[PDB]
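For reference, the structure discussed in these notes is given below.
The numbers here are math on the coordinates, done by the rules we state, and not lab data. Neighbour counts are summed over all protein chains in view; Cβ atoms, including those assigned to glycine, are modelled from backbone coordinates with ideal geometry.
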Amino acid sequence: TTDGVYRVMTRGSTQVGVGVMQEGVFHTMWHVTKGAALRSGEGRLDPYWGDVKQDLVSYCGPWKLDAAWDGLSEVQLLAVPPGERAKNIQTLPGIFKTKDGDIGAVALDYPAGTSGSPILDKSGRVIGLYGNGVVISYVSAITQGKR
Amino acid sequence: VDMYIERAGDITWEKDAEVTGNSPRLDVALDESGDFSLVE
């Protein structure tokens, strides 16, 4: 239940994604788990909230992450690729311009099992999750939920 | 189908981090299935 970044694994074992544990709630992207329950050691994590359009899902309680890109500063992707230790990748986001407002985006292309990796601001707050995007090269929205 | 999680690290900013990637400005639409698409 410890705060941190976790791999999401399936059963040989494969990494299907990544998620963020914070305040006893596990956060990942809907397309990683499709809402399935997760095993954590001898414990079980059950889905609590989810939304396909936002491509987000929380386990054991409501979404907790609320920081947002400031629109000027570089950010770090805390990538956790399959078979590699977690690593920080710094970048200046671009922008998804939509009809309901702008969303930060990062033009970083990591393996699919990296989906759900957190994106951080300078204070270490999670401003969203990596792995829902478009192709121009892949560009990921910085996907954040509502607390 | 056993889906399970393993801790990989703390969430922290690292001063010594690799820096890469450009910053494209893109018009996109988001449909009901959560898929982004380019718009012109």
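When each of A:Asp51, A:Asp55 is tested for being surrounded by 14 or more Cβ atoms within 10 Å (Cβ to Cβ), charged (D, E, K, R) and on the phi > 0 side of the Ramachandran plot, the lone residue that passes is A:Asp55.
Within segment A:93-147, the set of residues being at the interface with chain B (Cβ under 10 Å from one of its Cβ atoms), in a loop (DSSP other than H, G, I, E, B) and within 24 Å of A:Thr14 (Cα to Cα) comprises A:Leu108, A:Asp109, A:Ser117, A:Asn132.
Exactly one residue out of A:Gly41, A:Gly35 is within 9 Å of chain B (Cβ to nearest Cβ), of a type in the set (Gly, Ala, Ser) and on the phi > 0 side of the Ramachandran plot, and it is A:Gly41. Here is the figure for segment A:26-46: residues that are assigned to a strand (DSSP E or B) and either closer than 15 Å to A:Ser117 by Cα or among the polar types (S, T, N, Q) (or both) total 4. When each of A:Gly116, A:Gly124, A:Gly101, A:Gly83 is tested for being on the phi > 0 side of the Ramachandran plot and surrounded by 22 or more Cβ atoms within 10 Å (Cβ to Cβ), the lone residue that passes is A:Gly116. Only one of the listed residues (A:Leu72, A:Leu129, A:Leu108) is in contact with a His (Cβ under 9 Å, 6 or more places away or on another chain), closer than 25 Å to B:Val39 by Cβ and not aromatic (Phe, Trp, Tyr). That residue is A:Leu129.
Looking across segment A:44-60 at every residue that is more than 13 Å from the chain's Cα centre (by Cα) and among the hydrophobic types (A, V, I, L, M, F, W, C), the one that is nearest to the other protein chains (Cβ to nearest Cβ) is identified as A:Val52.
State all residues of chain B that are more than 7 Å from every other protein chain (Cβ to nearest Cβ) and either touching a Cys at 6+ places or on another chain (Cβ under 8 Å) or charged (D, E, K, R) (or both); if no residue qualifies, say none.
If the condition is that a residue be more than 7 Å from every other protein chain (Cβ to nearest Cβ) and either touching a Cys at 6+ places or on another chain (Cβ under 8 Å) or charged (D, E, K, R) (or both), then B:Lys15, B:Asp16, B:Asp31, B:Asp35, B:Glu40 are the ones that fit.
When residues in segment A:47-92 are screened for being under 19 Å from B:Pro24 (Cβ atoms) and not in a strand (DSSP E or B), 7 of them pass.
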